[PDB]
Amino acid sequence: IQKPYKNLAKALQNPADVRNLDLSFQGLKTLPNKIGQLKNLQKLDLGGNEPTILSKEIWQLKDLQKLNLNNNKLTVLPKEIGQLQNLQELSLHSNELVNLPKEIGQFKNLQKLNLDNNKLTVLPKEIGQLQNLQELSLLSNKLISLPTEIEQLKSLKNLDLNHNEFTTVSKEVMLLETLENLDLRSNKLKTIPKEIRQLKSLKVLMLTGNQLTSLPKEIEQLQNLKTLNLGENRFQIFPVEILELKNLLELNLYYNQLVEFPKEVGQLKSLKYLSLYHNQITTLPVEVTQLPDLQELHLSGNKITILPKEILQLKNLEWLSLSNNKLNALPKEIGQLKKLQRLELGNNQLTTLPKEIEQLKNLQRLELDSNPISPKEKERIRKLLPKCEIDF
């Protein structure tokens, strides 16, 4: 590992010693022919220059392991890129690529491929030849499908399809059993296939910003799942399948149309984070207070009228959000939440807070705007929590 040569003149003075060259954002239009003298080059950054920076001399620098061609207004990738047999990391992000050459499949040792922020409508069938690929990033493209040969990516751990045009998840993506992180955010998904059960190594599944109404029963088989992000979807019926995931740590279901907060949520015993912000929830079941490791509970923008006294059981809770609800009171048991740092209660029907709130020694912020609290009550509250930032 070498500190990068940022001065092209310095690099060309002792070319044999140049392993790392960073010419990014230097206003370079072309490369000098002399660049071919950098025979031991392993890392090359040509990002943020011009499309003409792609000198034919680059493709003869055979020791190249890492190449960054980001922000170069590239409309086409030369077929000669395939000659860089030793490439491990290739970055083509923030360009204007619509297609890729079939030669993209020649990188036998390719581990990371970044194609973020392009205009890709299709991937070549040869993408399947990248059998050592661990990360494929396609954020913000125009893909409606992936080639069936995507099933051949037997080492893939990270697949990022965030901001594309997918209407369904292909059954070939579901054959990538080594996947750990699958990002399908901001697509046009209406369903998740039953074949999701095959992704047994999946730790993170992001489906935020789609049109999902339900999940298949087979999602219960994702026993390695830690993060499940289902916010900004069309769930009206709570997907009870996800309540079988006893090792889940984070669950996001905000911006749905949920009418019921089921008692079975109490079965998510490892849950640390739960958001149900902006739904139609009326009642908080006693079973939610039975989550011993819960640190954040986000319930703002609902129709909750009361909190059960069993709230005291959430000993690890640090953040409780209940703004824009219909709360008439807080139970005195709120004072037992010793780790509470943030308590959002704006836009409710609160007139007072129990004396026991003074026990909230770690409380840093308390939000009480748009509540019918009288000036003398605001004074009393300030005195109960003198070190807390209180917004009235």
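The first residue of the sequence shown is number 1, and the count goes up from there.
Higher mean CA temperature factor, per the PDB entry, when comparing 67-75 with 123-131: 123-131.
Comparing 353-361 with 44-52, the higher mean C-alpha B-factor in the PDB entry belongs to 353-361. As recorded in the entry, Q152 carries the highest CA temperature factor of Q257, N224, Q152, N229.
The residue among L202, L243, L212, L184 whose C-alpha carries the highest B-factor in the deposited model is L243. Per-chain ranking of the deposited C-alpha B factor places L23 in the lowest third. Ranked by Cα temperature factor within the chain, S145 sits in the highest third according to the deposited record. Among all modelled residues in this chain, the alpha-carbon of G266 has a temperature factor (C-alpha) in the middle third. Sort the modelled residues of the chain by CA B factor and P193 lands in the middle third. Among the modelled residues of its chain, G346 has a C-alpha B-factor that falls in the lowest third according to the deposited record.
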